[PDB]
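So the structure is just underneath, and the comments pick up after that.
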Amino acid sequence: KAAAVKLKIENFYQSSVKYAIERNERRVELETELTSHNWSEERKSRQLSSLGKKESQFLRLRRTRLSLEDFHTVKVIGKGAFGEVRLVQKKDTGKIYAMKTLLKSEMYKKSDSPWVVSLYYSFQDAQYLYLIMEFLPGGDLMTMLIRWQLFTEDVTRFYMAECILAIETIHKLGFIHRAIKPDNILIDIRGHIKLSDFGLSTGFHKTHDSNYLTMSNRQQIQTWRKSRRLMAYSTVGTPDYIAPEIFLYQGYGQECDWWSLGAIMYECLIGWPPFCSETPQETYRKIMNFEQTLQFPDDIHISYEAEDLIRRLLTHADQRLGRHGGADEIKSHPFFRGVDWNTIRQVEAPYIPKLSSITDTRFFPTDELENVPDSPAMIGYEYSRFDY
Amino acid sequence: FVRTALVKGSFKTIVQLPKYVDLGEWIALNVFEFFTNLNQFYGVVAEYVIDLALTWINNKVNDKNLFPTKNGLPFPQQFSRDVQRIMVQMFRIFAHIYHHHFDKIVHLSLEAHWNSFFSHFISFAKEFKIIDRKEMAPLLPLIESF
Ligand SMILES: Nc1ncnc2c1ncn2[C@@H]1O[C@H](COP(=O)(O)OP(=O)(O)NP(=O)(O)O)[C@@H](O)[C@H]1O
Numbered sequence: 282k283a284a285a286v287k288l289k290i291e292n293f294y295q296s297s298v299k300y301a302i303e304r305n306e307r308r309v310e311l312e313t314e315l316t317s318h319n320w321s322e323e324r325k326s327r328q329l330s331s332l333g334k335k336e337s338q339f340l341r342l343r344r345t346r347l348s349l350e351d352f353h354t355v356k357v358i359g360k361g362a363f364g365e366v367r368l369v370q371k372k373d374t375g376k377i378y379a380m381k382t383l384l385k386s387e388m389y390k391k407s408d409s410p411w412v413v414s415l416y417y418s419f420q421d422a423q424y425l426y427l428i429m430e431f432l433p434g435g436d437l438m439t440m441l442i443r444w445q446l447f448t449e450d451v452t453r454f455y456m457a458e459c460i461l462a463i464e465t466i467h468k469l470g471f472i473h474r475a476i477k478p479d480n481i482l483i484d485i486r487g488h489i490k491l492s493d494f495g496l497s498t499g500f501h502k503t504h505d506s507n508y549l550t551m552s553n554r555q556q557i558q559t560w561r562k563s564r565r566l567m568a569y570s571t572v573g574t575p576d577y578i579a580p581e582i583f584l585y586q587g588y589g590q591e592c593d594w595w596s597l598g599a600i601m602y603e604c605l606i607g608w609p610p611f612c613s614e615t616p617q618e619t620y621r622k623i624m625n626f627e628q629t630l631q632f633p634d635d636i637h638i639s640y641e642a643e644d645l646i647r648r649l650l651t652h653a654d655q656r657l658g659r660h661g662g663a664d665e666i667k668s669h670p671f672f673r674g675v676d677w678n679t680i681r682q683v684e685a686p687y688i689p690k691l692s693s694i695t696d697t698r699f700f701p702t703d704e705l706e707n708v709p710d711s712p713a714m740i741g742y743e744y745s746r747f748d749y
Numbered sequence: 100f101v102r103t104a105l106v107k108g109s110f111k112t113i114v115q116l117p118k119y120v121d122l123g124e125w126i127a128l129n130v131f132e133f134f135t136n137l138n139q140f141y142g143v144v145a146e147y148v182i183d184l185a186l187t188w189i190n191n192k193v194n195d196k197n198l199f200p201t202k203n204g205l206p207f208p209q210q211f212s213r214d215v216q217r218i219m220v221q222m223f224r225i226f227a228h229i230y231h232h233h234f235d236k237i238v239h240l241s242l243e244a245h246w247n248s249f250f251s252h253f254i255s256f257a258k259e260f261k262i263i264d265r266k267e268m269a270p271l272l273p274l275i276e277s278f
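Written as structure tokens, this is what we have:
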């Protein structure tokens, strides 16, 4: 509250010193690139052979230019509120592709391995992010679980397992998914398992939903339990698995994913997740309990060992006394006669998908939904090495 | 007027066309950068007081025929001609900016950044000889420091 004299200058467009400090990188970067052009002289000198004109030639490469509409859309595949995934063809080349149209704002939270869905690149318009993925043809698992509610035995064993090994490898690669949910597990050509990823698709469940003569007419537990598959989703995301380490405070870790697994196993045998609520918030509820509220029906058929899994799978995420300690011991459960833990990847699959042609969407609720409370309504190559 | 010489880097290497590449693809790359480069440069200077040619530059580079965006498609070698012209689209901007509008720029004291950038554009030109030493009349003396 005294007085001051800077003085001369102001700052007007003074924010474009970015244009100064930034093109630093442009040079810093420009430096290290053509030093990567020194990748030449690979020269395996075990070779006394030709000669014979040139050992090589190149285009070499190019960043060219890019955008959407080099893409021809096939079918709406599936959805999230972040957006629709989709099947698409490249116009420019053309081939089979998973397009997940995802959302840029408004959105929060601001390889060498067979086991998951393989993405390639990302491209976007103003509005949406476009995720261009290997398109996994067998459907999600959920769409399988729907067509038939698996009678399993060796099948849920099979559909599981490779779960673990993948998830193992993931975990082993130092990642927890915290989404293990059927629409998000993926069946391939072989009917085998790659599980994809969140993208990252975020938003999450808290804090507590508290509302506060008769009749009847439910007439069966399972009947009652048919109330699922309710408007596809079209709000979501439900807590199928949702190991109970997430809420309230910080937590989780691999145990959540195995929980999520065991929970998943529970359904795929039972044709419904352990905690199925009839309302979004009737989980947490029983999920905050299990114990007494982890509940198997009196439809009798189960293994002693298989039952043992899910329970110790759905037992606490508890550390301290215990190991868990999983992904093996999870290999070491009595529920497993085999397998090799190896041959698994090529083993006659419980369903080898049978298709007419390459585009067949017969494995999906192609359907139509089209609700995206966003749209008014109304690219680049910076990558490095080559493919492939 | 004007002014010069603070610094970034050394020395001059990068501009030469690397081996076994369609020079055209190679040409086509680099030419496009410099475009966007000045764009971002003028944008501090912007207002406070080419669209065609930059777009004629744009439209040149966004001509598929002259511009083998796609693959290892070679360039027409009139693409090698399309570019010799397309380049010269560029020097117009530098000079005047430097001639007249540098004034502002130096106030920014971001000068060591525009210096290397302007110096840059040169090195490619004369190593690849994309221009004549006669049309150099307006920019002649400054270059002479080296
Ligand atoms: N890489 C993929 N390949 C094939 N199908 C996929 C792929 N990713 C997701 N899907 C399927 O398309 C639907 C939606 O994409 P998805 O990633 O699952 O949605 P989202 O916006 O991530 N969140 P959510 O839809 O609830 O899982 C899924 O239910 C699956 O059927």
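These protein sequences, in sequence, are chains E and P.
Using full-length UniProt numbering, the letters of the first sequence map in sequence onto residues 282 to 391, 407 to 508, 549 to 714, 740 to 749.
Using full-length UniProt numbering, the letters of the second sequence map in sequence onto residues 100 to 148, 182 to 278.
Beta carbons are placed, not taken as given, at the ideal position from N, Cα and C, and that holds for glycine.
Can you list the residues of chain P that residue i reaches, using a CB-CB cut of under 9 Å?
{"i": "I428 of chain E", "result": "Ordered by position in chain P, no residue passes the 9 Å Cβ test against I428 of chain E, which lies about 18 Å from the chain."}
{"i": "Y416 of chain E", "result": "Chain P residues near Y416 of chain E: none, gap ~17 Å exceeds 9 Å."}
{"i": "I582 of chain E", "result": "Neighbours of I582 of chain E on chain P: none; closest Cβ ~44 Å, over 9 Å."}
Since residue i meets chain P, which of its residues come closer than 8 Å, beta carbon to beta carbon?
{"i": "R308 of chain E", "result": "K107, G108, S248"}
{"i": "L311 of chain E", "result": "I113"}
{"i": "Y294 of chain E", "result": "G142, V143, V144, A145, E146, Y147"}
{"i": "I290 of chain E", "result": "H239"}
Answer yes or no: does any C-beta atom of chain P fall closer than 8 Å to that of residue i?
{"i": "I740 of chain E", "result": "no"}
{"i": "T345 of chain E", "result": "yes"}
{"i": "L349 of chain E", "result": "no"}
{"i": "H353 of chain E", "result": "no"}
{"i": "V286 of chain E", "result": "no"}
{"i": "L315 of chain E", "result": "yes"}
So residue i is in the alpha helix (DSSP H); what residue range does that whole segment cover?
{"i": "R217 of chain P", "result": "211–220"}
{"i": "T316 of chain E", "result": "304–316"}
{"i": "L650 of chain E", "result": "640–650"}
{"i": "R343 of chain E", "result": "First-last for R343 of chain E: undefined, no H or E at that position."}
{"i": "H228 of chain P", "result": "223–228"}
{"i": "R443 of chain E", "result": "437–443"}
{"i": "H252 of chain P", "result": "243–259"}
{"i": "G333 of chain E", "result": "Here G333 of chain E belongs to no alpha helix (DSSP H), and DSSP marks it neither H nor E."}
{"i": "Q558 of chain E", "result": "557–560"}
{"i": "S570 of chain E", "result": "Careful: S570 of chain E lies outside any alpha helix (DSSP H) and carries neither H nor E."}
{"i": "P273 of chain P", "result": "272–275"}
{"i": "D450 of chain E", "result": "450–455"}
Measure from the C-beta of residue i to each C-beta in chain E and report whether the shortest distance is under 8 Å.
{"i": "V238 of chain P", "result": "no"}
{"i": "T201 of chain P", "result": "yes"}
{"i": "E124 of chain P", "result": "yes"}
{"i": "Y230 of chain P", "result": "no"}
{"i": "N136 of chain P", "result": "yes"}
{"i": "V143 of chain P", "result": "yes"}
{"i": "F211 of chain P", "result": "no"}
{"i": "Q216 of chain P", "result": "no"}
{"i": "residue 167 of chain P", "result": "Missing from the coordinates: residue 167 of chain P, inside the break in chain P from 148 to 182."}
Starting from residue i, find everything on chain E with Cβ-Cβ shorter than 7 Å and list it in chain order.
{"i": "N129 of chain P", "result": "The contacting residues do not exist; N129 of chain P stays about 10 Å from chain E at best."}
{"i": "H245 of chain P", "result": "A301, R304"}
{"i": "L242 of chain P", "result": "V298, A301"}
Mind listing the chain P neighbours of residue i? Cutoff is C-beta to C-beta under 7 Å, in chain order.
{"i": "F339 of chain E", "result": "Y119, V120"}
{"i": "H318 of chain E", "result": "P117"}
{"i": "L332 of chain E", "result": "Those within 7 Å of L332 of chain E in chain P number zero; the least Cβ separation is about 17 Å."}
Check for me: the beta strand (DSSP E) holding residue i runs from which residue to which?
{"i": "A379 of chain E", "result": "378–384"}
{"i": "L427 of chain E", "result": "424–429"}
{"i": "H669 of chain E", "result": "Premise fails: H669 of chain E is in no beta strand (DSSP E) and is neither H nor E."}
{"i": "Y416 of chain E", "result": "415–420"}
{"i": "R367 of chain E", "result": "365–371"}
{"i": "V355 of chain E", "result": "352–360"}
Who are the neighbours of residue i on chain E, taking C-beta pairs under 9 Å?
{"i": "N194 of chain P", "result": "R346"}
Examine ligand 2 and report whether any of its heavy atoms sits within less than 7 Å of the Cβ of residue i.
{"i": "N707 of chain E", "result": "With respect to small molecules bound, the structure shown includes ligand 1 and not ligand 2."}
Looking at C-beta atoms only, is the number of pairs between the stretch 486–496 of chain E and the stretch 420–438 of chain E that lie closer than 8 Å three or more?
yes
The stretch 579–587 of chain E in contact with the stretch 641–648 of chain E per 3-pair CB rule at 8 Å:
no
The stretch 374–386 of chain E touching the stretch 101–115 of chain P, judged by at least three CB pairs closer than 8 Å:
no
Examine the Cβ distances between the stretch 362–374 of chain E and the stretch 336–352 of chain E and report whether three or more of them are shorter than 8 Å.
yes
Would the stretch 186–204 of chain P count as touching the stretch 119–138 of chain P if we require 3 or more Cβ pairs under 8 Å?
yes
Answer yes if the stretch 616–629 of chain E comes into contact with the stretch 674–687 of chain E, meaning at least three C-beta pairs across the two stretches below 8 Å, and no otherwise.
no
Give a yes or no on contact between the stretch 462–474 of chain E and the stretch 584–599 of chain E, applying the rule of three or more CB pairs nearer than 8 Å.
yes
Decide yes or no for the touch test of the stretch 651–671 of chain E against the stretch 456–464 of chain E: beta carbon pairs closer than 8 Å, at least 3 of them.
yes
Counting pairs of Cβ atoms below 8 Å between the stretch 141–148 of chain P and the stretch 297–308 of chain E, do you hit three or more?
yes
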